[PDB]
Structure formats: C-alpha cells, structure tokens
$ cat coords-v8.cif   # mmCIF, C-alpha atoms
data_protein
loop_
_atom_site.group_PDB
_atom_site.id
_atom_site.type_symbol
_atom_site.label_atom_id
_atom_site.label_comp_id
_atom_site.auth_asym_id
_atom_site.auth_seq_id
_atom_site.Cartn_x
_atom_site.Cartn_y
_atom_site.Cartn_z
ATOM 1 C CA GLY A 788 120.396 123.697 78.177
ATOM 2 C CA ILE A 789 122.127 126.556 80.022
ATOM 3 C CA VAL A 790 121.527 130.287 80.317
ATOM 4 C CA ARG A 791 123.518 132.427 77.901
ATOM 5 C CA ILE A 792 126.294 134.506 79.435
ATOM 6 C CA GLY A 793 125.399 138.117 80.138
ATOM 7 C CA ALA A 794 121.649 137.585 80.595
ATOM 8 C CA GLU A 795 119.908 139.326 83.482
ATOM 9 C CA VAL A 796 118.301 136.954 85.988
ATOM 10 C CA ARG A 797 115.560 137.792 88.492
ATOM 11 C CA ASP A 798 114.578 135.933 91.641
ATOM 12 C CA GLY A 799 112.527 132.849 90.851
ATOM 13 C CA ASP A 800 113.895 132.594 87.312
ATOM 14 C CA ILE A 801 115.225 129.355 85.844
ATOM 15 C CA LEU A 802 119.027 129.176 85.773
ATOM 16 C CA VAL A 803 119.635 125.749 84.187
ATOM 17 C CA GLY A 804 117.227 123.110 82.880
ATOM 18 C CA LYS A 805 117.271 119.355 83.416
ATOM 19 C CA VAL A 806 114.890 116.396 83.213
ATOM 20 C CA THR A 807 114.431 113.690 85.847
ATOM 21 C CA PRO A 808 113.134 110.296 84.622
ATOM 22 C CA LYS A 809 110.057 108.660 86.118
ATOM 23 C CA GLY A 810 109.900 105.505 88.223
ATOM 24 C CA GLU A 811 108.609 102.209 86.852
ATOM 25 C CA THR A 812 109.342 98.499 87.141
ATOM 26 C CA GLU A 813 112.873 97.637 86.035
ATOM 27 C CA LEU A 814 115.165 94.625 85.665
ATOM 28 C CA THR A 815 118.936 95.062 85.719
ATOM 29 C CA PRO A 816 119.978 92.395 83.158
ATOM 30 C CA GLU A 817 117.055 92.524 80.715
ATOM 31 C CA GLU A 818 115.982 96.179 80.797
ATOM 32 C CA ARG A 819 119.445 97.356 79.745
ATOM 33 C CA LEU A 820 119.423 95.321 76.531
ATOM 34 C CA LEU A 821 115.726 95.981 75.903
ATOM 35 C CA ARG A 822 116.321 99.771 76.222
ATOM 36 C CA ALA A 823 119.394 99.392 73.944
ATOM 37 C CA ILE A 824 117.479 97.635 71.158
ATOM 38 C CA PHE A 825 113.951 99.057 71.525
ATOM 39 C CA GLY A 826 111.771 101.306 73.644
ATOM 40 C CA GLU A 827 114.124 104.299 73.629
ATOM 41 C CA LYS A 828 112.738 107.495 75.184
ATOM 42 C CA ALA A 829 109.303 106.147 76.103
ATOM 43 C CA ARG A 830 109.192 106.950 79.867
ATOM 44 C CA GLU A 831 107.921 110.010 81.789
ATOM 45 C CA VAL A 832 110.280 112.743 82.990
ATOM 46 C CA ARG A 833 109.840 115.237 85.825
ATOM 47 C CA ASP A 834 111.151 118.799 86.145
ATOM 48 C CA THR A 835 113.896 119.538 88.678
ATOM 49 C CA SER A 836 115.638 122.498 87.058
ATOM 50 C CA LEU B 17 78.269 62.448 51.319
ATOM 51 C CA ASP B 18 81.666 61.178 52.464
ATOM 52 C CA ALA B 19 84.193 63.042 50.283
ATOM 53 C CA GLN B 20 87.270 64.352 52.060
ATOM 54 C CA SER B 21 88.398 67.986 52.280
ATOM 55 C CA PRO B 22 91.680 69.766 53.058
ATOM 56 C CA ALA B 23 92.358 71.282 56.453
ATOM 57 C CA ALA B 24 92.601 75.009 57.202
ATOM 58 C CA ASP B 25 95.548 76.966 58.562
ATOM 59 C CA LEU B 26 95.038 78.334 62.060
ATOM 60 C CA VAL B 27 96.584 81.703 61.183
ATOM 61 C CA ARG B 28 94.120 82.216 58.332
ATOM 62 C CA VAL B 29 91.255 81.667 60.775
ATOM 63 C CA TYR B 30 92.704 84.455 62.917
ATOM 64 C CA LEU B 31 92.926 86.759 59.899
ATOM 65 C CA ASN B 32 89.317 86.001 58.965
ATOM 66 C CA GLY B 33 88.203 86.660 62.534
ATOM 67 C CA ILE B 34 90.022 89.998 62.755
ATOM 68 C CA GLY B 35 89.223 91.212 59.238
ATOM 69 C CA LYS B 36 86.312 93.151 60.678
ATOM 70 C CA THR B 37 88.658 95.416 62.651
ATOM 71 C CA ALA B 38 88.739 99.101 61.724
ATOM 72 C CA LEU B 39 91.339 101.236 63.615
ATOM 73 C CA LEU B 40 90.068 104.689 64.775
ATOM 74 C CA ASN B 41 93.402 106.436 63.902
ATOM 75 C CA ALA B 42 94.301 107.152 67.564
ATOM 76 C CA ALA B 43 91.966 110.158 67.629
ATOM 77 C CA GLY B 44 88.695 108.914 69.094
ATOM 78 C CA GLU B 45 90.295 106.474 71.494
ATOM 79 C CA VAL B 46 90.150 109.081 74.292
ATOM 80 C CA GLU B 47 86.353 109.219 74.241
ATOM 81 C CA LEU B 48 86.399 105.474 73.713
ATOM 82 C CA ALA B 49 88.157 105.236 77.137
ATOM 83 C CA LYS B 50 85.840 107.952 78.607
ATOM 84 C CA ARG B 51 83.022 105.426 77.898
ATOM 85 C CA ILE B 52 84.871 102.852 80.050
ATOM 86 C CA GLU B 53 85.524 105.292 82.890
ATOM 87 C CA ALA B 54 81.920 106.434 83.010
ATOM 88 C CA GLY B 55 80.847 102.787 82.890
ATOM 89 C CA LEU B 56 82.898 101.880 85.913
ATOM 90 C CA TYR B 57 81.622 105.015 87.745
ATOM 91 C CA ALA B 58 78.066 103.803 86.873
ATOM 92 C CA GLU B 59 79.009 100.424 88.310
ATOM 93 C CA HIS B 60 79.944 102.015 91.629
ATOM 94 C CA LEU B 61 77.049 104.451 91.909
ATOM 95 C CA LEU B 62 74.520 101.754 90.988
ATOM 96 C CA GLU B 63 75.364 99.889 94.202
ATOM 97 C CA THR B 64 76.017 103.028 96.276
ATOM 98 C CA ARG B 65 72.780 105.156 95.875
ATOM 99 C CA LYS B 66 70.556 101.983 95.462
ATOM 100 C CA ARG B 67 67.187 103.334 96.918
ATOM 101 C CA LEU B 68 66.576 105.939 94.154
ATOM 102 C CA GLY B 69 63.624 104.956 91.969
ATOM 103 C CA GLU B 70 63.724 107.066 88.833
ATOM 104 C CA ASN B 71 63.820 106.933 85.005
ATOM 105 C CA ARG B 72 67.615 107.399 85.429
ATOM 106 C CA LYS B 73 67.666 103.994 87.132
ATOM 107 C CA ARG B 74 68.037 102.589 83.549
ATOM 108 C CA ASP B 75 70.398 105.253 82.066
ATOM 109 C CA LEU B 76 73.387 104.262 84.175
ATOM 110 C CA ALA B 77 72.785 100.557 83.339
ATOM 111 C CA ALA B 78 72.868 101.724 79.653
ATOM 112 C CA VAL B 79 76.190 103.584 80.442
ATOM 113 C CA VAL B 80 77.547 100.258 81.927
ATOM 114 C CA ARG B 81 76.365 98.461 78.706
ATOM 115 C CA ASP B 82 78.051 101.266 76.645
ATOM 116 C CA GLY B 83 81.253 100.674 78.709
ATOM 117 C CA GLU B 84 81.052 96.883 78.040
ATOM 118 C CA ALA B 85 80.552 97.604 74.265
ATOM 119 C CA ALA B 86 83.315 100.317 74.191
ATOM 120 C CA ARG B 87 85.902 97.774 75.463
ATOM 121 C CA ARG B 88 84.801 95.067 73.048
ATOM 122 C CA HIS B 89 85.845 97.421 70.238
ATOM 123 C CA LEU B 90 88.941 98.938 71.850
ATOM 124 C CA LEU B 91 90.433 95.471 72.205
ATOM 125 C CA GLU B 92 89.627 94.757 68.557
ATOM 126 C CA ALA B 93 91.501 97.938 67.704
ATOM 127 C CA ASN B 94 94.995 96.576 68.435
ATOM 128 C CA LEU B 95 95.067 92.990 67.112
ATOM 129 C CA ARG B 96 96.880 94.000 63.929
ATOM 130 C CA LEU B 97 99.587 95.667 66.009
ATOM 131 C CA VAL B 98 99.973 92.722 68.363
ATOM 132 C CA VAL B 99 100.174 90.182 65.536
ATOM 133 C CA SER B 100 102.778 92.347 63.805
ATOM 134 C CA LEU B 101 104.968 92.667 66.889
ATOM 135 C CA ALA B 102 104.658 88.945 67.543
ATOM 136 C CA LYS B 103 105.703 88.132 63.983
ATOM 137 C CA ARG B 104 108.695 90.425 64.499
ATOM 138 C CA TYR B 105 109.984 88.031 67.185
ATOM 139 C CA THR B 106 109.596 84.650 65.478
ATOM 140 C CA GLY B 107 112.167 82.079 64.408
ATOM 141 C CA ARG B 108 113.106 81.094 67.968
ATOM 142 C CA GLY B 109 111.261 77.762 67.763
ATOM 143 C CA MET B 110 107.877 78.820 69.092
ATOM 144 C CA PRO B 111 104.748 78.517 66.940
ATOM 145 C CA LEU B 112 103.476 81.956 66.000
ATOM 146 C CA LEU B 113 100.153 81.019 67.580
ATOM 147 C CA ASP B 114 101.618 80.686 71.102
ATOM 148 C CA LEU B 115 103.425 84.045 70.844
ATOM 149 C CA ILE B 116 100.403 85.882 69.476
ATOM 150 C CA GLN B 117 98.220 84.365 72.193
ATOM 151 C CA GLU B 118 100.681 85.500 74.846
ATOM 152 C CA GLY B 119 100.691 88.986 73.373
ATOM 153 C CA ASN B 120 96.910 88.958 73.417
ATOM 154 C CA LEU B 121 97.027 88.159 77.122
ATOM 155 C CA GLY B 122 99.532 90.951 77.689
ATOM 156 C CA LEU B 123 97.347 93.447 75.858
ATOM 157 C CA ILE B 124 94.234 92.571 77.833
ATOM 158 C CA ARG B 125 96.293 92.922 80.994
ATOM 159 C CA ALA B 126 97.423 96.356 79.798
ATOM 160 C CA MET B 127 94.665 98.437 78.421
ATOM 161 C CA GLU B 128 92.295 97.436 81.216
ATOM 162 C CA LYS B 129 94.809 99.027 83.630
ATOM 163 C CA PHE B 130 95.619 102.078 81.499
ATOM 164 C CA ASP B 131 94.551 105.713 81.731
ATOM 165 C CA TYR B 132 95.054 108.443 79.156
ATOM 166 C CA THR B 133 96.260 110.821 81.899
ATOM 167 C CA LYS B 134 96.938 113.174 78.996
ATOM 168 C CA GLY B 135 99.235 110.438 77.720
ATOM 169 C CA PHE B 136 100.457 109.781 74.206
ATOM 170 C CA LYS B 137 99.032 107.339 71.681
ATOM 171 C CA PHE B 138 98.004 104.242 73.604
ATOM 172 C CA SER B 139 99.485 102.209 70.741
ATOM 173 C CA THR B 140 102.985 102.837 72.078
ATOM 174 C CA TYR B 141 101.928 101.633 75.528
ATOM 175 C CA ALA B 142 100.305 98.498 74.084
ATOM 176 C CA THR B 143 103.351 97.752 71.923
ATOM 177 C CA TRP B 144 105.576 98.082 74.977
ATOM 178 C CA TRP B 145 103.433 95.824 77.176
ATOM 179 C CA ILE B 146 102.926 93.106 74.571
ATOM 180 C CA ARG B 147 106.625 93.171 73.707
ATOM 181 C CA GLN B 148 107.482 92.675 77.376
ATOM 182 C CA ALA B 149 104.940 89.862 77.672
ATOM 183 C CA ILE B 150 106.214 88.000 74.601
ATOM 184 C CA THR B 151 109.820 88.479 75.711
ATOM 185 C CA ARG B 152 108.892 86.967 79.071
ATOM 186 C CA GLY B 153 107.174 84.084 77.295
ATOM 187 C CA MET B 154 110.237 83.336 75.192
ATOM 188 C CA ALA B 155 112.530 83.599 78.216
ATOM 189 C CA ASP B 156 110.452 81.185 80.293
ATOM 190 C CA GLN B 157 110.217 78.779 77.351
ATOM 191 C CA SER B 158 114.018 78.496 77.203
#

$ encode --input "coords-v8.cif" --output "structure tokens"
Amino acid sequence: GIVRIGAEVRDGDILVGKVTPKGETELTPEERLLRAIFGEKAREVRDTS
Amino acid sequence: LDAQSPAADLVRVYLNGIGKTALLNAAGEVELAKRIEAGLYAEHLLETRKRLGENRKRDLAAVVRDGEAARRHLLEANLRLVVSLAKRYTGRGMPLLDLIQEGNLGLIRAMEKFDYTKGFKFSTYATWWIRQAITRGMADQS
C-alpha cells in the first residue's frame, strides 16, 4: 500500500493509500465478540489517502 | 364421525407455508426495490398534486399497488435464509419458533429501511440484521 521507491510523483498524485471505516451503531462488549466470530469485513470504508 | 387424529408439528406448517418461495438469485432484487421506491413516490405525489383529473390519476395508484405487491414477494424471498440462521443459533433452551419469529421481526424491520445505494447483495444485510435481532432476543431471555 505504498509508492515504490524511485517513482516520479506529480502534484495531486496519491502518495500512500489507506481506508477509513464507516460509522454505524456499536456496542463495546458485544460488538467485539460478534466481529470476532462473524460479520468480518462487512462495513463501508471511506478514502483518506 | 368422531375418530381421533394425530397433531401436526408447527415447524412443518412453516415449511408448507414457505414452500412457494422462489429466490430471484440476487439479480432482480434491485428492480424489485425500484418498485417500492416508485410506490412510495406515488404515495407522496398522490396527496401533493391532488387536483389533477386525468387518466394518469389511476396509473400512480397502480404503481402503489405494484409497490405493495413487490414487497409481499421481497419478504418471501428471505425466509429460507432467516430460518437457516435461526437454526444455526439453537440449543440455548429457546424453542426454534420463538427465535425464527424474532428473526422475522428483525427482517421486516430491516428491508423496509434499506436502500441499494449501489450496495452489495441485500442478503448479507438481512443476515446481519436478523443475527443481531436473534442475539438480542437470546440475551434478553437470559
């Protein structure tokens, strides 16, 4: 997820990519276990590279 | 006559009632939900531009009827999935009927507040919501 060394970069180009999760209802004690057992990678993600 | 007969399992009645279901393979569901959206938009416009007397005065009512019919089938679409997920979380003392009913409630609460929004298969969303609902049911049962 990072730019290879020695690659020309122009203004406005992407330098390193990342994904920001989306906001939804959550519960501290139950959501952790639920995410651990099921429902992995089923939430929206934004772009903030 | 007065001969006696055996009873019938409740689950089997559910299976008989849902045997008519025929999943649409996740492809046509988008238009299925475009029928609901247009129906609701017909709802609004029917009571917003009321004065208009025209042959179209019946078409929108037909679109509302199409929206009512389109939901009656969409809900039928997912009963196999909900019963499966419910059966996956048995053995904790609850009758399967109570769990499947709770999942049915969760589903109806879901899809009627769901939009494609260029989203993925709605089956994942339904599975998630019904799983949360049944988990809540089990937790509150204690």

$ residues_near_point --input "coords-v8.cif" --point "(119.8, 129.4, 86.8)" --cutoff "12 Å" --atoms "all atoms listed in the file" --output "ChimeraX atom specification"
/A:788-792,794-805,835-836

$ axis_aligned_box --input "coords-v8.cif" --around "range 50-54 of chain B" --padding-each-side "8 Å" --output "JSON"
{"center_x": 83.9, "center_y": 105.4, "center_z": 80.5, "size_x": 19.9, "size_y": 21.1, "size_z": 21.1}

$ resolve_selection --input "coords-v8.cif" --expression "the PyMOL selection byres ((chain B) within 12 of (chain A))" --output "CSV table (one decimal) with C-alpha atoms, in the frame of the given file"
chain,number,residue,atom,x,y,z
B,101,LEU,CA,105.0,92.7,66.9
B,133,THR,CA,96.3,110.8,81.9
B,134,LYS,CA,96.9,113.2,79.0
B,135,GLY,CA,99.2,110.4,77.7
B,136,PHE,CA,100.5,109.8,74.2
B,137,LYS,CA,99.0,107.3,71.7
B,138,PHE,CA,98.0,104.2,73.6
B,139,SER,CA,99.5,102.2,70.7
B,140,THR,CA,103.0,102.8,72.1
B,141,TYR,CA,101.9,101.6,75.5
B,142,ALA,CA,100.3,98.5,74.1
B,143,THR,CA,103.4,97.8,71.9
B,144,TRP,CA,105.6,98.1,75.0
B,145,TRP,CA,103.4,95.8,77.2
B,147,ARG,CA,106.6,93.2,73.7
B,148,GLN,CA,107.5,92.7,77.4
B,151,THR,CA,109.8,88.5,75.7
B,152,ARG,CA,108.9,87.0,79.1
B,155,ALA,CA,112.5,83.6,78.2

$ atom_distance --input "coords-v8.cif" --atom1 "CA of residue 116 in chain B" --atom2 "CA of residue 130 in chain B"
20.7 Å

$ atom_distance --input "coords-v8.cif" --atom1 "CA of residue 40 in chain B" --atom2 "CA of residue 117 in chain B"
23.1 Å

$ atom_distance --input "coords-v8.cif" --atom1 "CA of residue 112 in chain B" --atom2 "CA of residue 42 in chain B"
26.9 Å

$ closest_residue --input "coords-v8.cif" --among "B:51, B:104, B:96, B:72" --to "residue 84 in chain B" --atoms "only C-alpha atoms"
B:51

$ closest_residue --input "coords-v8.cif" --among "B:63, B:92, B:70, B:18" --to "residue 36 in chain B" --atoms "only C-alpha atoms"
B:92

$ build_atoms --input "coords-v8.cif" --residues "range 123-145 of chain B" --atoms "N, CA, C and O atoms" --output "PDB file, in the coordinates of the input"
ATOM      1  N   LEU B 123      98.165  92.292  76.201  1.00  0.00           N
ATOM      2  CA  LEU B 123      97.347  93.447  75.858  1.00  0.00           C
ATOM      3  C   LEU B 123      96.166  93.565  76.803  1.00  0.00           C
ATOM      4  O   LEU B 123      95.940  94.621  77.401  1.00  0.00           O
ATOM      5  N   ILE B 124      95.405  92.481  76.966  1.00  0.00           N
ATOM      6  CA  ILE B 124      94.234  92.571  77.833  1.00  0.00           C
ATOM      7  C   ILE B 124      94.658  92.968  79.237  1.00  0.00           C
ATOM      8  O   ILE B 124      93.955  93.718  79.922  1.00  0.00           O
ATOM      9  N   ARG B 125      95.808  92.473  79.696  1.00  0.00           N
ATOM     10  CA  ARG B 125      96.293  92.922  80.994  1.00  0.00           C
ATOM     11  C   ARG B 125      96.651  94.399  80.990  1.00  0.00           C
ATOM     12  O   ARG B 125      96.644  95.028  82.051  1.00  0.00           O
ATOM     13  N   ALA B 126      96.962  94.972  79.832  1.00  0.00           N
ATOM     14  CA  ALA B 126      97.423  96.356  79.798  1.00  0.00           C
ATOM     15  C   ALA B 126      96.267  97.351  79.776  1.00  0.00           C
ATOM     16  O   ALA B 126      96.081  98.116  80.730  1.00  0.00           O
ATOM     17  N   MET B 127      95.626  97.366  78.668  1.00  0.00           N
ATOM     18  CA  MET B 127      94.665  98.437  78.421  1.00  0.00           C
ATOM     19  C   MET B 127      93.635  98.536  79.535  1.00  0.00           C
ATOM     20  O   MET B 127      93.165  99.630  79.860  1.00  0.00           O
ATOM     21  N   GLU B 128      93.263  97.405  80.131  1.00  0.00           N
ATOM     22  CA  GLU B 128      92.295  97.436  81.216  1.00  0.00           C
ATOM     23  C   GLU B 128      92.876  98.010  82.502  1.00  0.00           C
ATOM     24  O   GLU B 128      92.136  98.165  83.478  1.00  0.00           O
ATOM     25  N   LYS B 129      94.172  98.308  82.531  1.00  0.00           N
ATOM     26  CA  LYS B 129      94.809  99.027  83.630  1.00  0.00           C
ATOM     27  C   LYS B 129      95.603 100.209  83.088  1.00  0.00           C
ATOM     28  O   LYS B 129      96.736 100.476  83.491  1.00  0.00           O
ATOM     29  N   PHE B 130      94.996 100.938  82.154  1.00  0.00           N
ATOM     30  CA  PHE B 130      95.619 102.078  81.499  1.00  0.00           C
ATOM     31  C   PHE B 130      94.693 103.278  81.569  1.00  0.00           C
ATOM     32  O   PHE B 130      93.472 103.140  81.446  1.00  0.00           O
ATOM     33  N   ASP B 131      95.280 104.453  81.770  1.00  0.00           N
ATOM     34  CA  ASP B 131      94.551 105.713  81.731  1.00  0.00           C
ATOM     35  C   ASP B 131      95.255 106.662  80.776  1.00  0.00           C
ATOM     36  O   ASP B 131      96.487 106.684  80.706  1.00  0.00           O
ATOM     37  N   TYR B 132      94.465 107.444  80.039  1.00  0.00           N
ATOM     38  CA  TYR B 132      95.054 108.443  79.156  1.00  0.00           C
ATOM     39  C   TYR B 132      95.962 109.385  79.935  1.00  0.00           C
ATOM     40  O   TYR B 132      97.106 109.627  79.531  1.00  0.00           O
ATOM     41  N   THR B 133      95.482 109.907  81.065  1.00  0.00           N
ATOM     42  CA  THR B 133      96.260 110.821  81.899  1.00  0.00           C
ATOM     43  C   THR B 133      96.991 111.845  81.037  1.00  0.00           C
ATOM     44  O   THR B 133      98.150 112.189  81.284  1.00  0.00           O
ATOM     45  N   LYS B 134      96.310 112.324  80.000  1.00  0.00           N
ATOM     46  CA  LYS B 134      96.938 113.174  78.996  1.00  0.00           C
ATOM     47  C   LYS B 134      98.199 112.506  78.453  1.00  0.00           C
ATOM     48  O   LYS B 134      99.227 113.146  78.229  1.00  0.00           O
ATOM     49  N   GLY B 135      98.120 111.188  78.251  1.00  0.00           N
ATOM     50  CA  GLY B 135      99.235 110.438  77.720  1.00  0.00           C
ATOM     51  C   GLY B 135      99.241 110.423  76.205  1.00  0.00           C
ATOM     52  O   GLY B 135      98.341 110.937  75.548  1.00  0.00           O
ATOM     53  N   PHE B 136     100.282 109.812  75.650  1.00  0.00           N
ATOM     54  CA  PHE B 136     100.457 109.781  74.206  1.00  0.00           C
ATOM     55  C   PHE B 136      99.581 108.687  73.611  1.00  0.00           C
ATOM     56  O   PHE B 136      98.724 108.106  74.282  1.00  0.00           O
ATOM     57  N   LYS B 137      99.779 108.404  72.327  1.00  0.00           N
ATOM     58  CA  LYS B 137      99.032 107.339  71.681  1.00  0.00           C
ATOM     59  C   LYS B 137      99.157 106.064  72.500  1.00  0.00           C
ATOM     60  O   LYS B 137     100.261 105.623  72.825  1.00  0.00           O
ATOM     61  N   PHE B 138      98.012 105.479  72.838  1.00  0.00           N
ATOM     62  CA  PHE B 138      98.004 104.242  73.604  1.00  0.00           C
ATOM     63  C   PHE B 138      98.653 103.097  72.842  1.00  0.00           C
ATOM     64  O   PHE B 138      98.978 102.070  73.449  1.00  0.00           O
ATOM     65  N   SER B 139      98.846 103.252  71.531  1.00  0.00           N
ATOM     66  CA  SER B 139      99.485 102.209  70.741  1.00  0.00           C
ATOM     67  C   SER B 139     100.907 101.958  71.214  1.00  0.00           C
ATOM     68  O   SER B 139     101.358 100.812  71.259  1.00  0.00           O
ATOM     69  N   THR B 140     101.635 103.021  71.559  1.00  0.00           N
ATOM     70  CA  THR B 140     102.985 102.837  72.078  1.00  0.00           C
ATOM     71  C   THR B 140     102.966 102.033  73.369  1.00  0.00           C
ATOM     72  O   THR B 140     103.776 101.114  73.555  1.00  0.00           O
ATOM     73  N   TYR B 141     102.035 102.353  74.265  1.00  0.00           N
ATOM     74  CA  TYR B 141     101.928 101.633  75.528  1.00  0.00           C
ATOM     75  C   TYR B 141     101.597 100.160  75.297  1.00  0.00           C
ATOM     76  O   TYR B 141     102.191  99.274  75.926  1.00  0.00           O
ATOM     77  N   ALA B 142     100.642  99.882  74.405  1.00  0.00           N
ATOM     78  CA  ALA B 142     100.305  98.498  74.084  1.00  0.00           C
ATOM     79  C   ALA B 142     101.490  97.763  73.475  1.00  0.00           C
ATOM     80  O   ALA B 142     101.761  96.613  73.836  1.00  0.00           O
ATOM     81  N   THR B 143     102.181  98.389  72.522  1.00  0.00           N
ATOM     82  CA  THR B 143     103.351  97.752  71.923  1.00  0.00           C
ATOM     83  C   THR B 143     104.360  97.397  72.997  1.00  0.00           C
ATOM     84  O   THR B 143     104.880  96.277  73.033  1.00  0.00           O
ATOM     85  N   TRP B 144     104.634  98.340  73.898  1.00  0.00           N
ATOM     86  CA  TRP B 144     105.576  98.082  74.977  1.00  0.00           C
ATOM     87  C   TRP B 144     105.136  96.894  75.832  1.00  0.00           C
ATOM     88  O   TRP B 144     105.925  95.976  76.099  1.00  0.00           O
ATOM     89  N   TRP B 145     103.871  96.886  76.271  1.00  0.00           N
ATOM     90  CA  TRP B 145     103.433  95.824  77.176  1.00  0.00           C
ATOM     91  C   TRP B 145     103.452  94.466  76.493  1.00  0.00           C
ATOM     92  O   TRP B 145     103.914  93.479  77.076  1.00  0.00           O
TER      93      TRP B 145
END
